[PDB]
Structures are given as C-alpha cells and as structure tokens.
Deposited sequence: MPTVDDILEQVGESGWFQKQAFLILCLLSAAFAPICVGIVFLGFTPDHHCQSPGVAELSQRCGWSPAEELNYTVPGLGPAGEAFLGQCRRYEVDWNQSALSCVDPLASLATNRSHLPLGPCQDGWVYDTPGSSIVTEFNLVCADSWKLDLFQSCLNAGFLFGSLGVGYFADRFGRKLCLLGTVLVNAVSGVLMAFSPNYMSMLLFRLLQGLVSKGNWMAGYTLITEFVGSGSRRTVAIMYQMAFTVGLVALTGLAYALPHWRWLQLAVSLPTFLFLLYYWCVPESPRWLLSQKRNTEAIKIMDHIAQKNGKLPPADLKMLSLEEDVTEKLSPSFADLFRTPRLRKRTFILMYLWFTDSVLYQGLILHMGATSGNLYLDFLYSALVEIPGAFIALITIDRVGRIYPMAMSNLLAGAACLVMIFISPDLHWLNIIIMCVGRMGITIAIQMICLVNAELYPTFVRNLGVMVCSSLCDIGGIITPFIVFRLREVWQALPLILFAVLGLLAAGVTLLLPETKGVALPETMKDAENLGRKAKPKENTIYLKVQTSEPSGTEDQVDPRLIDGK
C-alpha cells in the first residue's frame, strides 16, 4: 500500500514545521563572552544570568532574546561574580543594541529558525514558511484541476509525485531562505493534489469508509513516525531529507445562485476555514508553548487515533450534523479552558489539548461526509473545491495570527480559537 506511505509522507509537509522550524532559547552573540568564560568558567546558566539582559517585569522576553549590552568584554573584565554591577548600578542604564553578530541557540540540534536566523525582526519569516505552503496548497488545488485533463489522470499524478519528492529533497539542501520558500511553494502546489488523488484512487478503485479511515490512520502513523524521526534526527536537514526520501524511493455561480445553496455553501466554507484554523493553530501552539514537544505530539497523534473510530461509531447512530456541533464546541471549550490553566500544570494542559484535538478530528470526519452529501451530483466537485479553497485560506491566515498575537498576548490566539470554535458549533446547527 504505497498510498498509505503517501499519506504518511504528507503529514510532515503540512505539519512538520513544528519539528523543522522550532525556536530555541536564543540571545545576542556578544564577542568577548568567551574570553570572560575562559577567565572564569561559570555555568551556562550563569552565562545567561551575567550576560543576557533579564526578562521584563511583565514576562517580556524581547529585551533579552533580541538585545545585547554595549559594555566591553575584552577590557574592564576584572569582575566575574557580577561584571554588570561594576559597569553600572542599574542594569537598564547600560546601552542595549541589537544582535549585530548573530545569535546563540540553546539546542544541540539545528532548526530552520536556527539556520536562517528567523528570530526577532525576522520572526515573521517562520510564519511565511507555513503561509507559502498553504498558498501553494490553494494555487495547486486550482492548477492540478486545470491540468488533469491536459496530460491525463496518471501522467499528471506521476509528475506531481516526482515534483513533490524532488522539491523535498532539494529542500533538504536549500542554501538560503528564498530557495527554502520557493521549494515550500512548489511542494504545496503538488502535495495537496497528490493526497487528494491518492484518496480518490483508494476510494473509487476498491469499490469506501474502511479505506478512507485507513487513509487517515496512515496519516496519523505518518505523524507518529515524524515525531520518532524528529527525536532520532535533531537537525532539520536530516529530518527533511529522511522525510522526503520515502516518497522518492517509493461552475462557480452554481453554488451561490439560489438561497438554499448559497447559505449551505457559506456554512461549509466557514466550517472548513474554522476547523483548519483550529487544527493548524493548535498544532502551532503546541510547538510554540509546550516544553515536552515530542511526547505532547505523540500523545496528540495517539488521541487522533481513536477520534476516527469515535466518529465512525457516531455517524452510524447519532448522525452527522449533531456530532459536528458537539465536537466543534468541545474544541472551542478546550481552547477557552487552556487560557485559564496555570503554567505550573502540564498534565491538565496535555489532557485538554488531547480532548480538543479529538474534537477537531471528529469534526473534520463529519465535515468531509457532510460536504460530500450536501451538494448535487454536478456541483459536488465545485463545492468541495471551493470549501477546500477556504480551508487553504484559513491555513494561510493561521500562522500570521498564531505566532503574531502571542507577541501581544499569549492567550489571544487561544481566545480567537475559542470564539471561532463556539461560533462554528452554533453555526453548524443550521444545516
């Protein structure tokens, strides 16, 4: 089943930013600190205490993660217990320039942020890393549909798979960030078409629910394997190469005219947008907040595992519309409750994250079926395409809010996610 391997390889494409683009605890690389360490060999914690500016009173880490001290280190370094105290009575009196000579990242491995220096003023480029993938996804969803009839349904599939694998492998060897983003764009252009084509072949050729749920199980197995490889392979180059190698070695007005289809299209577009935003934002919040990233990701994948089974059980008996509202409300409520969790608690945090991700899983399981079943035979493809288009729009928007509102308030992305989740739960009762 090479299609299961394709699904597994798709998982680190849409989600692997968590393990490739992780942000270590960095600070300005100040020359002369090595000389002071040679003069007296303090611990690295003492190095950060005596060199890096302290965190802000309101938990602002910007003053230490992106600023240095102008006090000379080569000279006037007689004091070692507290060199900054001798220079000035108050730490704030000393000049605080920018990271002129780079950064020092406190991880043994390597990351896209560590490699291309996507920190401080460039911290939005890590957002651009995922936004380019999702803009890819969108433009590729248009282009592959346009080009399928040009070269057939098999030559085009083979070409797109080859371009995906080659783009990933060349991504592992990207010299600068511009080539990185270009390969992300190409991979996004081809990869969504690859996944959708694989799903279509695994559904139609067999002659339905079982192969589909096995396909999402393949995706979750790919997520688990991504966690394992990220644990085994720290450097992002190694992880990207070892993820790309498997798959390499093997009308528009017909949905809006009548009020009946217009309202249903609006609801489905909003549901796709909201749940895509919730899923990607929850994953990114995990990446940017949890200090147990590997185990938290493994637990969330292992909770995605029974979410599909729960959805399959519910759709047989409960229905489709009713469990969608419950799952969306569960995700929104989990996001809302995580705001009030104290930083000391971690077990409750991961439990609530698992509940929210299970809710998102079940919600997406009913979204696929309801999207399929709410359109006529001729307009079903157009409806699915436009709904996935809004899904990709939400995917574009998600990084630029998840990683940018945290700079203003770490609980603001969670507030927005809760509002979106409860609004979607209320909305999906109108179908």
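The chain's deposited sequence has unresolved stretches at 1-22, 230-232, 276-332, 514-566, with no C-alpha coordinates there.
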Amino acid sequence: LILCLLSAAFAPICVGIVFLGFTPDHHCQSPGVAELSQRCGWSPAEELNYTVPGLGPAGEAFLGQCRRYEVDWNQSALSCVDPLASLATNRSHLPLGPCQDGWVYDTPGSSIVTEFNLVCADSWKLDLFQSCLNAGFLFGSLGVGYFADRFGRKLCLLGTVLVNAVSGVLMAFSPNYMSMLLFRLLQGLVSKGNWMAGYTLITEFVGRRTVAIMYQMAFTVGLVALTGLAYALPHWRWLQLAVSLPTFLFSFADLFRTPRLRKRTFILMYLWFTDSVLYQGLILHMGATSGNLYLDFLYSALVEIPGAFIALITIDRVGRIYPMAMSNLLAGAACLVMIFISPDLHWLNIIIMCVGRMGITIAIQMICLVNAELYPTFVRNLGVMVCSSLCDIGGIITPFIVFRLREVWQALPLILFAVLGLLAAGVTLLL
From here on, numbers count along this sequence of modelled residues.
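Here, rigid core means the biggest group of C-alpha atoms that superpose within 1.5 Å across both forms.
The higher RMS C-alpha distance to the shown form in 8 other deposited structures of this protein, out of 222-230 and 94-102, belongs to 94-102, with every structure fitted on the core.
When the other structures are laid on the shown form by the rigid core, the stretch among 136-144 and 68-76 with the greater C-alpha deviation in 8 other deposited structures of this protein turns out to be 68-76.
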